[PDB]
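Listing of structure23.cif; format and content: mmCIF, C-alpha atoms and all ligand atoms.
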```
data_work
loop_
_atom_site.label_atom_id
_atom_site.label_comp_id
_atom_site.auth_asym_id
_atom_site.auth_seq_id
_atom_site.Cartn_x
_atom_site.Cartn_y
_atom_site.Cartn_z
CA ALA O 1 0.00 0.00 0.00
CA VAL O 2 1.00 3.64 -0.32
CA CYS O 3 0.30 6.01 2.55
CA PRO O 4 -0.67 9.71 2.15
CA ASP O 5 3.01 10.55 2.75
CA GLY O 6 4.08 8.42 -0.18
CA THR O 7 5.48 5.80 2.20
CA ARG O 8 4.98 2.34 0.71
CA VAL O 9 3.69 0.17 3.53
CA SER O 10 2.73 -3.51 3.58
CA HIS O 11 -0.95 -3.01 4.51
CA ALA O 12 -3.05 0.17 4.28
CA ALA O 13 -4.14 -0.24 7.91
CA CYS O 14 -0.51 0.32 8.97
CA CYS O 15 -0.51 3.87 7.52
CA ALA O 16 -2.06 5.45 10.63
CA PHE O 17 0.94 4.41 12.74
CA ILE O 18 3.26 6.65 10.72
CA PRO O 19 1.88 9.97 12.05
CA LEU O 20 1.63 8.41 15.52
CA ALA O 21 5.33 7.55 15.61
CA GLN O 22 6.30 11.12 14.70
CA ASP O 23 3.89 12.57 17.26
CA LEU O 24 5.35 10.40 20.04
CA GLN O 25 8.94 11.33 19.11
CA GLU O 26 8.24 15.07 18.89
CA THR O 27 5.98 15.25 21.93
CA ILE O 28 7.37 12.91 24.58
CA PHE O 29 10.54 11.04 23.52
CA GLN O 30 12.48 13.67 21.54
CA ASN O 31 14.36 10.76 19.92
CA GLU O 32 16.12 9.91 23.16
CA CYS O 33 16.29 6.80 25.38
CA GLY O 34 15.33 9.04 28.28
CA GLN O 35 12.91 9.14 31.23
CA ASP O 36 9.67 9.17 29.24
CA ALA O 37 10.91 6.35 26.97
CA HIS O 38 11.87 4.20 29.97
CA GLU O 39 8.45 4.67 31.57
CA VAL O 40 6.59 3.74 28.40
CA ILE O 41 8.70 0.59 27.95
CA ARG O 42 7.74 -0.50 31.47
CA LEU O 43 4.03 0.13 30.80
CA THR O 44 4.24 -2.21 27.78
CA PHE O 45 5.22 -5.00 30.19
CA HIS O 46 2.74 -4.17 32.99
CA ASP O 47 -0.11 -3.97 30.47
CA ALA O 48 0.78 -7.31 28.82
CA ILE O 49 1.61 -9.51 31.83
CA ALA O 50 -1.80 -9.04 33.51
CA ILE O 51 -3.35 -12.29 32.22
CA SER O 52 -3.66 -15.79 33.67
CA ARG O 53 -4.27 -19.13 32.05
CA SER O 54 -5.30 -20.92 35.22
CA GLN O 55 -7.62 -18.21 36.51
CA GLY O 56 -9.24 -17.63 33.12
CA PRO O 57 -10.35 -14.61 31.00
CA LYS O 58 -11.97 -12.80 33.95
CA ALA O 59 -8.57 -12.25 35.56
CA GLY O 60 -7.35 -10.00 32.73
CA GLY O 61 -6.97 -9.68 28.97
CA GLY O 62 -3.19 -9.26 28.56
CA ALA O 63 -1.99 -6.74 25.93
CA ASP O 64 -5.39 -5.01 25.84
CA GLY O 65 -4.80 -1.40 26.90
CA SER O 66 -6.66 -1.96 30.19
CA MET O 67 -4.26 0.48 31.90
CA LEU O 68 -5.46 3.25 29.59
CA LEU O 69 -9.11 2.15 29.42
CA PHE O 70 -9.50 1.79 33.21
CA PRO O 71 -6.99 4.38 34.64
CA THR O 72 -8.40 4.39 38.17
CA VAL O 73 -8.15 0.62 38.65
CA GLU O 74 -4.85 -1.17 37.88
CA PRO O 75 -2.49 1.85 38.12
CA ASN O 76 -3.49 1.96 41.81
CA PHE O 77 -2.43 -1.56 42.72
CA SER O 78 0.72 -1.27 44.84
CA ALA O 79 2.70 -3.35 42.32
CA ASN O 80 1.91 -0.72 39.67
CA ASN O 81 3.25 2.18 41.74
CA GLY O 82 4.79 4.81 39.49
CA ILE O 83 2.97 3.68 36.31
CA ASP O 84 0.43 6.53 36.54
CA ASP O 85 2.75 9.00 34.77
CA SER O 86 3.10 6.91 31.60
CA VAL O 87 -0.65 6.21 31.42
CA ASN O 88 -1.38 9.96 31.62
CA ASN O 89 1.23 10.64 28.90
CA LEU O 90 -0.36 8.16 26.47
CA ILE O 91 -4.07 8.99 26.93
CA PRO O 92 -3.84 12.22 24.86
CA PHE O 93 -2.61 10.18 21.87
CA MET O 94 -5.47 7.70 22.28
CA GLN O 95 -7.90 10.59 22.02
CA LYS O 96 -6.10 12.16 19.05
CA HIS O 97 -5.09 9.14 16.93
CA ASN O 98 -8.59 7.69 17.33
CA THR O 99 -8.43 4.98 14.66
CA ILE O 100 -5.83 3.14 16.76
CA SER O 101 -6.94 1.00 19.72
CA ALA O 102 -5.59 1.58 23.24
CA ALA O 103 -3.94 -1.87 23.08
CA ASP O 104 -2.11 -1.24 19.79
CA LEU O 105 -1.05 2.20 21.01
CA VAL O 106 0.64 0.78 24.11
CA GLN O 107 2.67 -1.83 22.19
CA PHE O 108 3.62 0.49 19.34
CA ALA O 109 4.74 3.23 21.73
CA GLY O 110 7.00 0.69 23.43
CA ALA O 111 8.53 -0.28 20.08
CA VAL O 112 9.09 3.38 19.26
CA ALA O 113 10.62 4.21 22.67
CA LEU O 114 13.02 1.27 22.41
CA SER O 115 14.21 2.24 18.92
CA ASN O 116 15.68 5.39 20.56
CA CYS O 117 18.04 3.20 22.61
CA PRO O 118 21.40 2.32 20.93
CA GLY O 119 21.82 -1.44 20.55
CA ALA O 120 18.10 -2.19 20.69
CA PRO O 121 16.45 -4.51 18.14
CA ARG O 122 13.71 -3.40 15.73
CA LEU O 123 10.68 -5.02 17.38
CA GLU O 124 8.01 -6.91 15.46
CA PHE O 125 4.71 -5.01 15.43
CA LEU O 126 1.32 -6.60 14.76
CA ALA O 127 -1.88 -4.49 14.81
CA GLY O 128 -5.61 -5.18 15.10
CA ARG O 129 -6.17 -5.62 18.84
CA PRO O 130 -9.74 -4.69 19.96
CA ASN O 131 -10.51 -1.40 21.73
CA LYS O 132 -12.63 -3.00 24.47
CA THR O 133 -11.66 -5.11 27.47
CA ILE O 134 -11.95 -5.43 31.28
CA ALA O 135 -9.93 -4.15 34.25
CA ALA O 136 -7.46 -6.78 35.46
CA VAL O 137 -7.32 -8.29 38.93
CA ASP O 138 -4.57 -7.45 41.48
CA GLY O 139 -1.67 -9.86 41.97
CA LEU O 140 -0.64 -10.59 38.38
CA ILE O 141 2.39 -8.25 38.37
CA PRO O 142 5.75 -9.71 39.47
CA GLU O 143 7.43 -7.87 42.37
CA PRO O 144 11.16 -7.36 43.24
CA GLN O 145 10.84 -9.18 46.57
CA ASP O 146 9.49 -12.31 44.84
CA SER O 147 11.37 -15.60 44.82
CA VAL O 148 12.68 -17.09 41.56
CA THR O 149 10.15 -19.93 41.81
CA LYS O 150 7.29 -17.45 42.17
CA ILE O 151 8.54 -15.25 39.29
CA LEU O 152 8.95 -18.20 36.92
CA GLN O 153 5.49 -19.60 37.82
CA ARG O 154 3.90 -16.21 37.17
CA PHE O 155 5.48 -15.93 33.70
CA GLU O 156 4.63 -19.55 32.91
CA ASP O 157 0.97 -19.00 33.93
CA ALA O 158 0.80 -15.75 31.97
CA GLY O 159 1.81 -17.21 28.60
CA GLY O 160 4.00 -20.29 28.90
CA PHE O 161 7.29 -18.36 29.01
CA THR O 162 10.40 -20.51 29.60
CA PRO O 163 13.20 -19.45 32.02
CA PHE O 164 15.31 -18.44 28.99
CA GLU O 165 12.61 -16.09 27.69
CA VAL O 166 12.13 -14.59 31.16
CA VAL O 167 15.82 -13.69 31.51
CA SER O 168 15.75 -12.44 27.88
CA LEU O 169 13.00 -9.93 28.75
CA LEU O 170 15.08 -8.62 31.65
CA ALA O 171 17.44 -7.16 29.05
CA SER O 172 15.12 -4.13 29.36
CA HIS O 173 16.71 -3.45 32.77
CA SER O 174 19.75 -2.23 30.79
CA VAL O 175 17.81 1.00 30.15
CA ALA O 176 15.91 1.19 33.46
CA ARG O 177 15.92 3.28 36.65
CA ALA O 178 13.94 3.23 39.92
CA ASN O 179 11.89 6.07 41.47
CA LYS O 180 9.61 4.24 43.91
CA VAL O 181 11.76 1.53 45.51
CA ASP O 182 13.56 4.07 47.71
CA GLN O 183 11.50 7.18 48.35
CA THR O 184 14.50 9.31 49.47
CA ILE O 185 16.19 9.08 46.05
CA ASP O 186 14.95 9.24 42.44
CA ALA O 187 16.10 7.78 39.14
CA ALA O 188 18.48 5.13 40.55
CA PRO O 189 19.77 3.25 37.43
CA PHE O 190 20.02 -0.57 37.24
CA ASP O 191 23.32 -0.36 35.33
CA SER O 192 26.01 2.21 34.51
CA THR O 193 24.54 2.83 31.04
CA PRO O 194 20.79 3.57 31.57
CA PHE O 195 20.59 5.16 28.09
CA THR O 196 22.23 2.25 26.26
CA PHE O 197 20.65 -1.11 25.46
CA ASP O 198 23.84 -3.10 26.09
CA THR O 199 24.90 -6.03 28.27
CA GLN O 200 26.24 -4.01 31.24
CA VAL O 201 23.30 -4.99 33.50
CA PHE O 202 24.13 -8.69 33.22
CA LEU O 203 27.76 -8.00 34.17
CA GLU O 204 27.10 -5.50 36.97
CA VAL O 205 24.55 -7.63 38.85
CA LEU O 206 27.28 -10.29 39.17
CA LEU O 207 29.60 -7.92 41.08
CA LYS O 208 29.89 -7.87 44.86
CA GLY O 209 27.61 -5.38 46.63
CA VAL O 210 29.39 -2.68 48.65
CA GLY O 211 26.65 -0.23 49.69
CA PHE O 212 23.25 1.34 49.00
CA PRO O 213 22.57 4.44 46.84
CA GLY O 214 20.09 5.76 49.41
CA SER O 215 18.56 4.16 52.51
CA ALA O 216 19.54 0.62 53.49
CA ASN O 217 16.10 -0.72 54.42
CA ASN O 218 13.95 -1.03 51.30
CA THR O 219 11.76 -3.96 50.35
CA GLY O 220 13.04 -5.71 47.23
CA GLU O 221 16.47 -4.05 47.23
CA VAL O 222 19.93 -5.53 47.87
CA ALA O 223 23.45 -4.06 48.08
CA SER O 224 24.83 -2.30 45.00
CA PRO O 225 28.40 -2.48 43.55
CA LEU O 226 28.28 1.21 42.48
CA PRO O 227 26.34 3.12 45.21
CA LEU O 228 28.11 6.50 44.98
CA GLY O 229 25.91 9.41 43.92
CA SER O 230 26.00 13.21 44.04
CA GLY O 231 23.40 15.84 43.23
CA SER O 232 21.09 14.45 40.57
CA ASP O 233 23.54 11.72 39.58
CA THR O 234 22.12 8.89 41.68
CA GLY O 235 24.11 5.74 42.39
CA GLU O 236 23.29 2.29 41.03
CA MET O 237 20.53 0.23 42.66
CA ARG O 238 20.17 -3.57 42.65
CA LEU O 239 16.84 -5.44 42.85
CA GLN O 240 16.53 -8.68 44.83
CA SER O 241 14.81 -10.38 41.89
CA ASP O 242 17.64 -9.58 39.43
CA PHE O 243 20.25 -10.67 41.97
CA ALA O 244 18.29 -13.86 42.67
CA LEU O 245 17.83 -14.78 38.99
CA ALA O 246 21.56 -14.29 38.43
CA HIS O 247 22.43 -16.84 41.13
CA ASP O 248 19.64 -19.45 41.02
CA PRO O 249 20.63 -22.90 39.57
CA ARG O 250 17.81 -22.63 37.00
CA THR O 251 18.84 -19.24 35.60
CA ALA O 252 22.51 -18.69 36.54
CA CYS O 253 24.03 -19.87 33.23
CA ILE O 254 21.41 -18.15 31.08
CA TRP O 255 22.12 -14.86 32.86
CA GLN O 256 25.89 -15.20 32.38
CA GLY O 257 25.35 -16.24 28.77
CA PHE O 258 24.38 -12.67 27.87
CA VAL O 259 27.48 -10.94 29.29
CA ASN O 260 29.31 -9.31 26.36
CA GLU O 261 26.94 -10.97 23.85
CA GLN O 262 25.20 -7.94 22.35
CA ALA O 263 23.71 -9.58 19.22
CA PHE O 264 22.56 -12.69 21.12
CA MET O 265 20.92 -10.54 23.81
CA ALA O 266 19.13 -8.28 21.32
CA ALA O 267 17.85 -11.19 19.22
CA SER O 268 16.68 -13.13 22.27
CA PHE O 269 14.83 -10.07 23.62
CA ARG O 270 13.13 -9.47 20.24
CA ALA O 271 11.89 -13.07 20.28
CA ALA O 272 10.52 -12.85 23.84
CA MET O 273 8.88 -9.46 23.15
CA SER O 274 7.29 -11.00 20.05
CA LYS O 275 5.33 -13.32 22.38
CA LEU O 276 4.66 -10.80 25.16
CA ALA O 277 3.21 -8.20 22.77
CA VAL O 278 0.36 -10.53 21.74
CA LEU O 279 -0.69 -12.05 25.08
CA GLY O 280 -4.47 -12.41 25.04
CA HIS O 281 -4.69 -12.60 21.25
CA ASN O 282 -4.31 -15.11 18.41
CA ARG O 283 -1.40 -13.81 16.29
CA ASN O 284 -3.07 -15.27 13.19
CA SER O 285 -5.77 -12.62 13.53
CA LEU O 286 -3.45 -9.58 13.68
CA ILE O 287 -1.96 -7.68 10.73
CA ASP O 288 1.81 -7.39 10.34
CA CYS O 289 2.88 -3.74 10.45
CA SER O 290 6.54 -4.35 11.39
CA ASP O 291 7.77 -2.19 8.49
CA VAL O 292 6.29 0.90 10.17
CA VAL O 293 8.46 0.55 13.30
CA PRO O 294 11.33 3.11 13.27
CA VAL O 295 14.85 1.82 12.55
CA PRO O 296 16.73 1.61 15.88
CA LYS O 297 19.87 3.60 16.71
CA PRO O 298 23.14 1.68 16.18
CA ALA O 299 25.53 0.96 19.04
CA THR O 300 29.27 1.70 18.77
CA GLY O 301 30.20 -1.98 18.72
CA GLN O 302 32.38 -1.84 21.85
CA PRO O 303 32.43 -4.85 24.24
CA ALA O 304 31.31 -4.87 27.87
CA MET O 305 33.84 -3.45 30.38
CA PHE O 306 34.25 -3.49 34.16
CA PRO O 307 33.38 0.04 35.32
CA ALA O 308 36.12 1.98 37.16
CA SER O 309 36.86 0.74 40.71
CA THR O 310 35.67 -2.81 39.97
CA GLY O 311 37.40 -5.83 38.45
CA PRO O 312 37.41 -9.67 37.98
CA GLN O 313 38.15 -10.18 41.70
CA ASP O 314 34.74 -8.63 42.52
CA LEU O 315 32.74 -11.25 40.58
CA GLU O 316 30.36 -13.62 42.38
CA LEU O 317 30.09 -16.39 39.77
CA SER O 318 27.40 -19.10 39.87
CA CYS O 319 27.45 -20.86 36.47
CA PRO O 320 29.92 -23.81 36.80
CA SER O 321 29.76 -24.95 33.17
CA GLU O 322 30.62 -21.81 31.14
CA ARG O 323 33.78 -19.72 30.94
CA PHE O 324 33.39 -16.08 31.90
CA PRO O 325 34.76 -13.83 29.13
CA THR O 326 37.98 -11.85 29.59
CA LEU O 327 36.97 -8.19 29.71
CA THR O 328 39.00 -5.04 30.27
CA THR O 329 38.56 -2.56 33.09
CA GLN O 330 37.97 1.15 32.58
CA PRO O 331 40.84 3.12 34.23
CA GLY O 332 40.33 5.08 37.44
CA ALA O 333 40.88 4.77 41.19
CA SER O 334 37.31 5.45 42.27
CA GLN O 335 33.77 5.05 40.96
CA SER O 336 32.59 7.40 38.21
CA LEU O 337 29.18 9.03 38.70
CA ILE O 338 26.39 7.77 36.45
CA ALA O 339 24.99 10.77 34.54
CA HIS O 340 21.41 11.76 35.18
CA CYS O 341 20.91 13.08 31.64
CA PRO O 342 21.72 11.43 28.26
CA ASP O 343 23.55 14.58 27.10
CA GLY O 344 25.74 14.46 30.19
CA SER O 345 23.93 17.37 31.82
CA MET O 346 22.29 17.05 35.25
CA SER O 347 19.04 18.87 34.29
CA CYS O 348 16.64 17.34 31.74
CA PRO O 349 12.96 17.17 32.77
CA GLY O 350 10.80 15.01 30.52
CA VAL O 351 7.39 16.17 29.27
CA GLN O 352 4.59 15.07 31.58
CA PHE O 353 0.86 15.49 31.08
CA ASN O 354 -1.75 15.54 33.83
CA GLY O 355 -4.46 12.91 33.53
CA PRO O 356 -6.95 10.53 35.21
CA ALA O 357 -4.43 7.98 36.60
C1 LIG O 401 11.11 -10.23 36.24
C2 LIG O 401 10.20 -9.30 36.87
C3 LIG O 401 10.43 -7.93 36.97
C4 LIG O 401 10.49 -7.26 38.14
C5 LIG O 401 10.33 -7.86 39.54
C6 LIG O 401 10.70 -5.87 37.83
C7 LIG O 401 10.80 -4.84 38.76
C8 LIG O 401 11.04 -3.50 38.47
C9 LIG O 401 11.17 -2.45 39.45
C10 LIG O 401 10.99 -2.58 40.97
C11 LIG O 401 11.46 -1.31 38.78
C12 LIG O 401 11.60 0.08 39.41
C13 LIG O 401 10.30 0.86 39.30
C14 LIG O 401 10.34 2.17 40.06
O1 LIG O 401 10.42 2.14 41.31
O2 LIG O 401 10.30 3.24 39.42
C15 LIG O 401 11.51 -1.64 37.38
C16 LIG O 401 11.74 -0.74 36.35
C17 LIG O 401 11.71 -1.03 34.99
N1 LIG O 401 11.45 -2.27 34.44
FE1 LIG O 401 11.13 -4.00 35.45
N2 LIG O 401 10.82 -5.72 36.46
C18 LIG O 401 10.58 -6.96 35.92
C19 LIG O 401 10.48 -7.23 34.55
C20 LIG O 401 10.60 -6.30 33.52
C21 LIG O 401 10.35 -6.58 32.13
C22 LIG O 401 10.00 -7.95 31.57
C23 LIG O 401 10.45 -5.41 31.45
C24 LIG O 401 10.30 -5.36 30.06
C25 LIG O 401 9.74 -4.29 29.28
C26 LIG O 401 10.80 -4.39 32.42
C27 LIG O 401 11.05 -3.05 32.14
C28 LIG O 401 11.37 -2.06 33.07
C29 LIG O 401 11.80 -0.72 32.76
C30 LIG O 401 12.06 -0.09 31.38
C31 LIG O 401 11.99 -0.09 33.94
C32 LIG O 401 12.46 1.29 34.22
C33 LIG O 401 11.41 2.40 34.21
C34 LIG O 401 12.03 3.77 34.45
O3 LIG O 401 13.24 3.93 34.21
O4 LIG O 401 11.32 4.71 34.88
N3 LIG O 401 10.88 -4.96 33.68
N4 LIG O 401 11.24 -2.98 37.20
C1 LIG O 402 -11.05 3.44 22.17
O1 LIG O 402 -11.76 3.69 23.37
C2 LIG O 402 -11.47 4.94 23.99
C3 LIG O 402 -12.19 4.95 25.36
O2 LIG O 402 -13.58 5.21 25.19
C4 LIG O 402 -11.87 6.06 23.01
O3 LIG O 402 -11.54 7.28 23.62
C5 LIG O 402 -12.32 8.41 23.37
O4 LIG O 402 -12.02 8.97 22.08
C6 LIG O 402 -12.68 10.18 21.68
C7 LIG O 402 -12.27 10.56 20.19
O5 LIG O 402 -12.64 9.50 19.28
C8 LIG O 402 -12.33 11.23 22.72
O6 LIG O 402 -13.11 12.39 22.56
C9 LIG O 402 -12.66 10.71 24.11
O7 LIG O 402 -12.25 11.68 25.05
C10 LIG O 402 -11.96 9.41 24.41
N1 LIG O 402 -12.36 8.89 25.72
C11 LIG O 402 -11.52 8.86 26.74
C12 LIG O 402 -12.03 8.30 28.05
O8 LIG O 402 -10.36 9.27 26.66
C13 LIG O 402 -11.19 5.87 21.65
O9 LIG O 402 -11.74 6.77 20.72
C14 LIG O 402 -11.45 4.47 21.12
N2 LIG O 402 -10.67 4.27 19.91
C15 LIG O 402 -11.03 3.40 18.97
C16 LIG O 402 -10.13 3.25 17.76
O10 LIG O 402 -12.05 2.71 19.04
CA CA O 403 -3.68 -5.41 30.39
CA CA O 404 22.68 -0.23 29.83
#
```

Mind converting the file's structure to structure tokens?
Amino acid sequence: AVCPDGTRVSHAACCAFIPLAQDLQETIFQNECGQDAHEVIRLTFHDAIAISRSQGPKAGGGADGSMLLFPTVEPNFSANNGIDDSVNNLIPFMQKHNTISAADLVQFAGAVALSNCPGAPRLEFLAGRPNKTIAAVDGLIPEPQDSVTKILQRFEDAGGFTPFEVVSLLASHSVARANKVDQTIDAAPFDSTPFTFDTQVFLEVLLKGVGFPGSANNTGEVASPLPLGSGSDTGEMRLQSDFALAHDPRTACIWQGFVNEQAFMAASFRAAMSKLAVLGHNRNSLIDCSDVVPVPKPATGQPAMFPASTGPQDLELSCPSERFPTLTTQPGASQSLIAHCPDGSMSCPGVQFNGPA
């Protein structure tokens, strides 16, 4: 088909997504893997995971836009704390680009946000999800204080995800920060490169913890290897769940398998996201509009490195059957501060709209 902007697309129905992508970039992302992007990416996951095979259809409809359609329900469950901001940012687009369902909008926005992150894969995008659904029940969202067994059961019950796929999805923590875990500090990154979709997160969770970026008594948080912060440049935070998955006999080797394996990580994540994006739907009934997803930003091609002040002696290995790669260490006597802004600055407020959530 040929869209009103001359763009040759696969199916005419995919044409509407073109103006939506540009609106999202101009209005809330500004072509950066920043704050707003990170929040949207998380919403994609929270919207999709709320579904249960065992409990049945009444428990939730998966990737159905329920977060946008019922803003006063799910966003208020304790496990969804902090999600309100992204819901309020997306609602205006739902109202404007009114030929696109809330469900499609959520998934597409995630694909767009991710494309702004260097190293990220170009996600598959299928459209056609219905604009009507029900509010999901509480308890379907995995929490940081959960055990590995519990986390794996949840993902299995949601859509038959295997342990490999679960760890694959956690690649998103390479461009993630925390605002609600510790209320005294904001934007605590999960790895030293929160604006780069690389394998640093997998390496840094394997290092020995030496302190906490804020308070020491927070549910779901464990000691961090890079706690030092100053001003807006908050220190690194480590979640119990990530730490646990990196050391459990069932997931230890899978976790290590991604260290310094950029292409393998990206491809595995794309595969897992392919499944997650259609939870609650039959993929044979959705149209393929992958060609309308923006081309992602390229990485530099550099391998993973031990951040300054850390080295091989700080590793807490758990996979007995695979050799840990030889990596270099970035020079320096002490820890470098992790920048709060992608342009290196320490001041960069993202656009935020007021809304019902
Ligand atoms: C395995 C279960 C998971 C747990 C327990 C978990 C937990 C968390 C927690 C506690 C935060 C911090 C939220 C805050 O306080 O602001 C977070 C952030 C985030 N997570 Fe997860 N997560 C999980 C899976 C995933 C998956 C599968 C994705 C995939 C899209 C994802 C994407 C994100 C992103 C992008 C952020 C950062 C948001 C921001 O920077 O504002 N997470 N996650
Ligand atoms: C999907 O459902 C939503 C929720 O009803 C629709 O949202 C309304 O859209 C109109 C414009 O068409 C706006 O004036 C309303 O303010 C929106 N309602 C809310 C609560 O925001 C949306 O139009 C529907 N989209 C499709 C494709 O069916
Ligand atoms: Ca949902
Ligand atoms: Ca990173």

**Message:** What residues of the protein or nucleic acid chains come within 8 Å of ligand CA 403 (chain O) when you use only C-alpha atoms and all ligand atoms? Reply as a list in words.
**Reply:** residues 46, 47, 48, 49, 50, 51, 60, 61, 62, 63, 64, 65, 66, 67, 135 and 136 of chain O

**Request:** Dump the neighbourhood of ligand CA 404 (chain O) as a PyMOL selection string: all residues within 8 Å, distances computed on only C-alpha atoms and all ligand atoms.
**Result:** chain O and resi 173-176+190-201

Within 7 Å of ligand LIG 401 (chain O): each chain O residue with its shortest pair, all atoms listed in the file, as a tab-separated table:
```
residue	atom	partner	partner_atom	distance
O:35	CA	O:LIG401	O4	6.0
O:38	CA	O:LIG401	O3	4.5
O:39	CA	O:LIG401	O4	4.4
O:41	CA	O:LIG401	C30	4.8
O:42	CA	O:LIG401	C27	4.2
O:44	CA	O:LIG401	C25	6.1
O:45	CA	O:LIG401	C25	4.7
O:82	CA	O:LIG401	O2	5.7
O:142	CA	O:LIG401	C5	4.9
O:143	CA	O:LIG401	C5	4.1
O:144	CA	O:LIG401	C5	3.8
O:146	CA	O:LIG401	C5	7.0
O:151	CA	O:LIG401	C1	6.4
O:166	CA	O:LIG401	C1	6.8
O:169	CA	O:LIG401	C22	4.6
O:170	CA	O:LIG401	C22	5.1
O:172	CA	O:LIG401	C24	5.0
O:173	CA	O:LIG401	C28	5.5
O:175	CA	O:LIG401	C30	6.0
O:176	CA	O:LIG401	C32	3.5
O:177	CA	O:LIG401	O3	3.7
O:178	CA	O:LIG401	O2	3.7
O:179	CA	O:LIG401	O2	3.8
O:180	CA	O:LIG401	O1	3.4
O:181	CA	O:LIG401	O1	4.5
O:187	CA	O:LIG401	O3	6.9
O:239	CA	O:LIG401	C10	6.8
O:241	CA	O:LIG401	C5	5.7
```

**Asked** When distances are computed from all atoms listed in the file, which of O:164, O:70, O:353, O:29 shows the smallest separation from ligand LIG 402 (chain O)?
**Response**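 Result for the nearest residue to ligand LIG 402 (chain O): O:70.
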
**Request:** Skip residue 156 in chain O itself and residues of its chain fewer than 3 positions away, then list as an NGL selection string all residues within 12 Å of it, counting only C-alpha atoms.
**Result:** :O and (49 or 51-54 or 140 or 142 or 149-153 or 159-166 or 276)

**Message:** Please return as a ChimeraX atom specification the residues found within 7 Å of ligand LIG 402 (chain O), counting all atoms listed in the file.
**Reply:** /O:69,91,94-96,98-102,131-132

Can you write out the residues you just picked, keeping C-alpha atoms, as a CSV table (one decimal), in the frame of the given file?
```
chain,number,residue,atom,x,y,z
O,69,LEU,CA,-9.1,2.2,29.4
O,91,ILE,CA,-4.1,9.0,26.9
O,94,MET,CA,-5.5,7.7,22.3
O,95,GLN,CA,-7.9,10.6,22.0
O,96,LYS,CA,-6.1,12.2,19.0
O,98,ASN,CA,-8.6,7.7,17.3
O,99,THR,CA,-8.4,5.0,14.7
O,100,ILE,CA,-5.8,3.1,16.8
O,101,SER,CA,-6.9,1.0,19.7
O,102,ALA,CA,-5.6,1.6,23.2
O,131,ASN,CA,-10.5,-1.4,21.7
O,132,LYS,CA,-12.6,-3.0,24.5
```

Which polymer residues, whether protein, DNA or RNA, lie within 7 Å of the coordinate (12.4, -12.2, 26.0) when you count only C-alpha atoms? List them as a PDB file with C-alpha atoms, in the frame of the given file, using the chain letters and numbers from the file.
```pdb
ATOM      1  CA  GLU O 165      12.610 -16.090  27.690  1.00  0.00           C
ATOM      2  CA  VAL O 166      12.130 -14.590  31.160  1.00  0.00           C
ATOM      3  CA  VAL O 167      15.820 -13.690  31.510  1.00  0.00           C
ATOM      4  CA  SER O 168      15.750 -12.440  27.880  1.00  0.00           C
ATOM      5  CA  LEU O 169      13.000  -9.930  28.750  1.00  0.00           C
ATOM      6  CA  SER O 268      16.680 -13.130  22.270  1.00  0.00           C
ATOM      7  CA  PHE O 269      14.830 -10.070  23.620  1.00  0.00           C
ATOM      8  CA  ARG O 270      13.130  -9.470  20.240  1.00  0.00           C
ATOM      9  CA  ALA O 271      11.890 -13.070  20.280  1.00  0.00           C
ATOM     10  CA  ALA O 272      10.520 -12.850  23.840  1.00  0.00           C
ATOM     11  CA  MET O 273       8.880  -9.460  23.150  1.00  0.00           C
TER      12      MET O 273
END
```

**Message:** Using all atoms listed in the file, can you tell me which of O:81, O:74, O:32, O:110 comes closest to residue 122 in chain O?
**Reply:**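 Going through O:81, O:74, O:32, O:110 one by one, the smallest distance to residue 122 in chain O is for O:110.
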
**Request:** Go through O:11, O:340, O:283, O:250 one by one, measure the shortest atom-to-atom distance of each to residue 319 in chain O using all atoms listed in the file, and give the residue with the smallest value.
**Result:** O:250

**Request:** State, in Å with one decimal place, the distance from CA of residue 183 in chain O to CA of residue 215 in chain O.
**Result:**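 Pair CA of residue 183 in chain O / CA of residue 215 in chain O returns 8.7 Å.
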
**Request:** Excluding range 111-114 of chain O and any residue of its chain fewer than 4 positions from it, enumerate the residues within 10 Å of it, using only C-alpha atoms, and give them as a VMD selection string.
**Result:** chain O and resid 20 to 22 24 to 25 28 to 34 36 to 41 44 105 to 107 118 to 125 172 175 197 273 277 290 292 to 297

**Fill in**
Between CA of residue 126 in chain O and CA of residue 281 in chain O lies a distance of 10.7 Å

**Request:** Excluding residue 223 in chain O and residues on its chain fewer than 2 positions from it, collect all residues at most 6 Å away from it, counting only C-alpha atoms, and give them as a PyMOL selection string.
**Result:** chain O and resi 209+211-212

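One distance worth recording is that between CA of residue 92 in chain O and CA of residue 2 in chain O, which is 27.0 Å.
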
**Message:** Using only C-alpha atoms, can you tell me which of O:260, O:86, O:116, O:318 comes closest to residue 244 in chain O?
**Reply:** O:318

**Request:** Name the closest residue to residue 259 in chain O among the candidates O:185, O:308, O:338, O:246; distances are taken between atoms, counting all atoms listed in the file.
**Result:** O:246

**Request:** Would you list the residues near (22.2, -6.4, 42.5) (no more than 6 Å away, in the coordinates of the file, using all atoms listed in the file) as a PyMOL selection string?
**Result:** chain O and resi 205+222+224+238-239+243

**Prompt:** So, counting only C-alpha atoms, which residue among O:78, O:8, O:186, O:265 is closest to residue 230 in chain O?
**Reply:**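 Of the candidates, the smallest distance to residue 230 in chain O is held by O:186.
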
**Message:** Can you pull out the residues contacting residue 356 in chain O? Cut-off 9 Å, using only C-alpha atoms, and skip same-chain residues under 6 positions away; I want them as an MDAnalysis selection string.
**Reply:** chainID O and resid 71:72 84 87:88 91

Is it possible to get the axis-aligned box enclosing range 333-336 of chain O (all listed atoms, 5 Å extra per side) as lines of an AutoDock Vina configuration file, with centre and edge lengths in Å rounded to one decimal?
```
center_x = 36.7
center_y = 6.1
center_z = 40.2
size_x = 18.3
size_y = 12.6
size_z = 14.1
```
